Each structure stands twice: as C-alpha cells, then as structure tokens.
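The block underneath contains the structure these notes are about, expressed in structure tokens.
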2 protein chains.
Amino acid sequence: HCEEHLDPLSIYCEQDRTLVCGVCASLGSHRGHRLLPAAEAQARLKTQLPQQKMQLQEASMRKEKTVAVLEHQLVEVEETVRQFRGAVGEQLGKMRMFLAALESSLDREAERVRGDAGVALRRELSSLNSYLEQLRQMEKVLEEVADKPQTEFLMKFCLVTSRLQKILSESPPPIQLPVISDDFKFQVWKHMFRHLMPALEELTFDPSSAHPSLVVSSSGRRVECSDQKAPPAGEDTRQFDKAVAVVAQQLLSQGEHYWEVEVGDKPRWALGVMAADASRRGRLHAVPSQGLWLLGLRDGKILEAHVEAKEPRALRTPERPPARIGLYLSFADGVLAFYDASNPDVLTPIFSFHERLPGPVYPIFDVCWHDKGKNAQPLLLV
Amino acid sequence: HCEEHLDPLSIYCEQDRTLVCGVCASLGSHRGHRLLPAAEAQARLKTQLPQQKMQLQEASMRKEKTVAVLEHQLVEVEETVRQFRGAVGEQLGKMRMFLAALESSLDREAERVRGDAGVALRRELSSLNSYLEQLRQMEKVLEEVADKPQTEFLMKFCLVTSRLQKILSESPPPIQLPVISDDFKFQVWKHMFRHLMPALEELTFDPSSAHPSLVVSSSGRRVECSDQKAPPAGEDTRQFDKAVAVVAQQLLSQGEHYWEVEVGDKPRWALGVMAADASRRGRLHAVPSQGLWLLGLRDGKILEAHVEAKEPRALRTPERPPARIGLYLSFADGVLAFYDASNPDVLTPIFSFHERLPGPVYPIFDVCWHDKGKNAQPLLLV
Ligand SMILES: [Zn+2]
Ligand SMILES: [Zn+2]
C-alpha cells in the first residue's frame, strides 16, 4: 500500500485525511499529526454523531418542506389557470348564447310571419279566384240568355241586374309589410352592452337607518312621500336625523352587482353609496371623508356630482329628462358607474368612480324636499 | 194570374221592375208607379247587353291586376325576408367567430404562460428530487453502515463527513400571470367594436385632382406639405385650383366603409365628404346644400366639427390631442362617424351625423396654408 517502502500503510491521519505507514509517519508527510490509535480518534469522532445527524435531519426536513411548497405552488398555478379558463368561458358564452338565441328567435318569428302572410294572401287568392269565376259565370249567362225568347228575357232581366249589383260589393281594396333595418350593428352593440350587465341585485329598503319623511311599501321596492308629521327622534347614531335618506337591506362586499332605478315624474332626487362605518346622525356633508359618494338630479335639467371637494360639478341633460338610471358596482376594481337606463335597450354613460373601498357599503338614496303637496310621485327600485 | 182581375201580366213597372197587369195598376199596387209597355221597354232596356259584357271584362281585368299585385307582394316579401335572414345571420356569425378567435388567442397565451411556468417549476422539481435522492442515500448509508468493524468505520467516517460538506453547497432560492377582472368583458367589447368595422377599401389617390403646391408621391399613397411658392393651377372641375385640397380616385354610392388616417405633427387641417350631384369647383363650405360635411383641427389642440350652421361648432377637446382618427361612412343610414384611432386595438366614438343621402360622394381632404416657413410638418396616411 506504499509503493516506496515495500510494506503497506497502517496508520490513519485525520487532520490531513491521508493513510500512512511507519516510515512515512517517521520522515516526510507525517510525524505527529492527528494519527490514530483508532481509540482516541474513534471516541472523539463518535461523540459528535448527534450533531451531524441533527444537521442532516434539518436539511432533509427543510428540503422536503421546500418540495411540498413548490408542488403547492404548481397546483395553485394550475388552479388559477383553470379558474381563468372557466370564468372567461362563462363571460364570453354569455354574449355568444345571447346572440345565438336572438338570431334563432328572430328566424323562427320570421318563419311564422311568412306562414301567416302566406295564409292570408292565399285566402285573398281564393276570394279573387271565386270572384273571377263568378264574373265568368255572369258573362256566360248574359251571352246565353241575351238572345232567349222575350218572355224569359223579361223574367230574367231584373233578377240578373240585382245579382250583378249584389255581387259587385264583395271585394277587398288591396302597404302592410314587415320591416328591416341597417342600424343592426349599433343596436346589437348597445343591447349587448345592456345584457352584459350582471344580474339585477334585488335590493330592499332598510327602515332601521332611515328618516321618517319617506314611506316604504310594495315588498320593499317602492318608496314615496306623504304630507304628515313624524314624531321626533331620540338619541342613536344609526338613525338619520339631518338628511332625508335611506339605505338598502343588502350588504355587498365581493363580486359584481348592478341595478336599475326608475324615478319617473319626480323632479329632484339623488343616489349613491355610503360606507357602513360612517356617520348616519348629526351634521352631514357631501364629503367622501364621511364615506359618502353621491350623484343627484334636480329640476329635470340640473345634474350635479358631489366629488370630494367644496364644489359640485354639473353635466348636460337633454331637453327631455330621462327618468331611469342604472348603477354598476364592482368591488374588484372598486368602480361605481352610472348609465342612462330610460331607454330600455340602450344605455348612455353619466358618471363613474375609481377609488379604493373601505368595505362594505350600503346603496343610499336621498329624496329632496316634499314640495308640500305635489311631490307624491313614487320611487321604484328594481 | 191575378186572383182578382182574371188576367195575366202584360205591363212593365219601372218603380218595381216587375211585370203586372192593368187593373192592379189602375186601382191598386201601381197607382203611380210610372208604368211601361213590355215590348218596346224590354228591347230598349235590353240594348245595354254589351255594356254588361264590358263591365264584366273591366272587373275581371281589375281583379287580375289585384291577383298579380298579391303574387308580386308574396314573392318580393319572401325574397326580402330571406335576404335579411341570410345577411343578419352571417353578419352575426361574423361576431361569433371573432369572439371564438379572441378566446382561442387568449387560450394560447394562457397555455404558453402555463407551459413556461411549468417548465421552470418542473426543472426545480427534478433538481429537488435528485437532492432528496442524495439525502436519502446518505441517511440510509450512514444508519446502515454505522456498525461496521472499527478499521473500516474510521476509514469511512471522514469520507462521509467530507462528502456531506461538499454536497452542502446548494442554497435554494426559496409564476406571474394575470387573472380575471371585471373590465375584461368591457375590454373584449371595446376590441370587438374596433375590429367589427367593415373591410378597409384599399383606395388610391388620383393625381388629376390635386393642387401642385404640396407634394404627392408613392403611387398616390403619400401626400405632405412644404413651404414653397405654388405654381398656378390648370382647368379641371374635380381638381382643386383655389384651395390646396385633394379627392380620391374611387366613387362609391352604397354600403359601408371605414378608414384610419394619422395626422402626426400638423396642427391645422380638415377632412370630409362632398356630394357628387352638387357643385364641385370653387371655394366650398360644409353645407349639405352642396352635400359637404367637414371636420377640422387648429392650434394642435382645438378640434371643431363643421355641422350645417354659420359657425364651426367648437366640440370639446380632450387633454391629449389624438394623432390618428378613424372615419366611418354609411350610405344607408347616411352616417359619417369619427373615432379615436390612437389606440391600435380600441376605438372611441367622437361624433356622428344623420342627414341627407344625396349619393354618391367624393372624399375631400384639405390642408391649410403652408405658413411660409414653419408649416413643414408631414401628413401621414395609414
Ligand atoms: Zn511508507
Ligand atoms: Zn190585377
């Protein structure tokens, strides 16, 4: 084991990790190193077995945990991708099925209209064929009895004249046709925008946080005003004392929601959202610092937005005041957008919000003064 | 034939158009019925046989005309309904296929991102599996060979420790893709609106209708402005001699067309259309009496629409001046609509018209004065 001394190696050296023999351990690479009796070295390196064992166990457990974490990340990426697939598929199939259903319904309606028109015009065709047959019969009777004996002619003259006069009073005078248009692109685009809104969140009013000026009925969907006094309020933060406003029964914190409100003949009103952690009683201002976001319309032509400032902002309204407004709320983007829902098939934008939200929020509605007699117009909520 | 006068009928009675006898017309049923004899009256009132024949022929011809009208109405309504069915179905299947294409493109993008993340995480997983195999091998070798004879045990202890120290050189570092949103549908809607416009009619310019003050080149596809003296013009009705304007070679009168134009750095310019059945030469204004609709930009930030009035309507201008505008022309609805084409994938409406449908129209484009030195800004055309 030595190649130099014609004798093998028999002594190990730990601090140089090298095997040697007596001659090499006498002159050269080793004389007094961490040589071994095997006894001192065995005891000294075996006493520290649990240290290395514990380090190995630490490394093994840590790397197993790392493997599990990475596998969990892989699974979570798979879940995210699959959820993305499903959500995109549903949100595009909504429009796909809407367009397909509309096309199929219109095609079936056109087929039914074609059948009805064919039936009517075939009835008219049968009537006209009968009329032509009667005319030919009368002509042949005339040409056959015009040269009969005098007695038969004098017997039949009046009769034939009366028959002609009677049969000359059964005849239909015949523009009554179905219509088509070229604005299909714009109408389909706008109606698709309309039908892409989420479901109408069925909101009902909440009287526990309302002012006793307005009155609510119709299964919590209708609210109007009266002309009678309300007893005074007490001491409670959740009761509205300054503004004549109300919030809804529902409390939304995640997802997507949308609802249309028809105001009808009421000239002055306002809508918006209010944070649940905000003040309901006491002096209140149109400040989002109090968690209130508002948008109001008065006089039928004066629209105003109360953004966070000491000044409202007006907008142009058409000569005919629209009476139905749709609100869309998204908690993900935190966007509350307004659209003109007075047209049942087309919406026109009005206003929108883009902020961060405390969460959650109540949809708040505020009526203007009762006008003392004439503001009995109802307020609906779909 | 009388039961009272023992005589048959021999006298005609005009007020009753009936043959009677004399006695009843003397003391009875025809006291004053203005009697007639029967032979002369029979022949004289019989003279109108060809009259009845001609009336019967007239009625037959009128009802035959009615039959022809009904048949033509049936066939033409059927053809109109079938053509509308086919056109609407195909032009909505167009949107269906567009939605499918967008969904497939997004699916391919998601698949590519998932594949890249999976490749990275699988490389890391394979590395960690190899590391775990090494750890298990080391642990099992130690716990199985820890009880060998002392010579081999002390020979292998150091080796194993050094192997652990060598393999203790692997520090573990311990993917990014978008998720669904609520404006995802709206963005898809906007891209659908952008890409749903009809095909870009590949129209080229006609140099026979340009003023030689500014320069036109590239086979009638490029036109820009210089600051140079202009040679005098010639004689042509379709060629602008007073104003530095140009029209297109093609002349279209039915259907739907759309095109985007980039204006770049030029601050003042104007575009529009001119009716072909109107006056063509001389200085012309945006008057539908001459079938002219215009739209201009000045000061680089002041956009204006030239509707039919004695004033260029000063539309509201955005904070960012757009440098690419798309124009859509529909002859059916007679609509000239403007859109913001600065976004290469989404267009936003600006204005529209609903007016006279003269037919056909020349697309007219007018550049302002060369300003003699500073109006060297180019004019692009996409
Ligand atoms: Zn030796
Ligand atoms: Zn008689």
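Going by Swiss-Prot, the residues shown for chain B are 85-258, 263-470, listed in order.
Per the header of the entry, the method used was X-ray crystallography, 5.2 Å.
Each residue, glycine too, has its Cβ placed from N, Cα and C.
Copied from Swiss-Prot, the annotated features are:
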- B:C86, B:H89, B:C105, B:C108: Zn(2+) 3 binding site (BINDING)
- B:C97, B:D100, B:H114, B:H117: Zn(2+) 4 binding site (BINDING)
- B:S255: phosphoserine (MOD_RES)
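Positions of Swiss-Prot features highlighted on the structure.
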residue: B:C86; record: Zn(2+) 3 binding site; DSSP class: coil
residue: B:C97; record: Zn(2+) 4 binding site; DSSP class: strand
residue: B:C105; record: Zn(2+) 3 binding site; DSSP class: coil
residue: B:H114; record: Zn(2+) 4 binding site; DSSP class: coil
residue: B:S255; record: phosphoserine; DSSP class: coil
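Across the fold, the C-alpha of B:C97 (Zn(2+) 4 binding site) and the C-alpha of B:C86 (Zn(2+) 3 binding site) stand 16 Å from each other. Its own atom aside, the Cβ of B:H117 (Zn(2+) 4 binding site) has 17 Cβ atoms within 10 angstroms in the protein chains shown. With 4 residues not built between them, B:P258 and B:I263 place their Cα atoms 13 angstrom from each other. Considering only the recorded positions B:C86, B:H89, B:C108, B:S255, B:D100 (Zn(2+) 4 binding site) has B:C108 as its nearest partner by CA-CA distance. Within the set of recorded positions B:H89, B:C105, B:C108, B:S255, the entry lying nearest in space to B:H114 (Zn(2+) 4 binding site) is B:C108 (CA atoms).
The record gives B:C86, B:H89, B:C105, B:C108 for Zn(2+) 3. Within 8 Å of the mean position of their Cβ atoms, the other Cβ atoms in that chain belong to B:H85, B:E88, B:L90, B:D91, B:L93, B:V104, B:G106, B:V107, B:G112. Taking the Cβ of B:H89 (Zn(2+) 3 binding site) as centre and 10 Å as the limit, one finds 14 other Cβ atoms among all the protein chains shown. When the alpha carbons of B:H89 (Zn(2+) 3 binding site) and B:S255 (phosphoserine) are compared, the span between them is 144 angstrom. Sorting the recorded positions B:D100, B:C108, B:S255 by the number of other Cβ atoms within 10 Å puts B:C108 first. Under 6 Å, Cβ to nearest atom of ligand 2: this is the test, and of the binding-site residues B:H89, B:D100, B:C108 it is passed by B:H89, B:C108. The Zn(2+) 4 site is set by B:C97, B:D100, B:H114, B:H117; from the centre of their CB atoms, other residues of the chain with a CB within 8 Å are B:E98, B:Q99, B:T102, B:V104, B:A109, B:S113, B:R118, B:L119. It is B:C97 that, of the binding-site residues B:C86, B:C97, has its Cβ surrounded by the most other Cβ atoms within 10 Å. Between the CA atoms of B:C86 (Zn(2+) 3 binding site) and B:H117 (Zn(2+) 4 binding site) there is a gap of 18 Å. Taking only the Cα positions, the spacing between B:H117 (Zn(2+) 4 binding site) and B:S255 (phosphoserine) is 133 angstrom.
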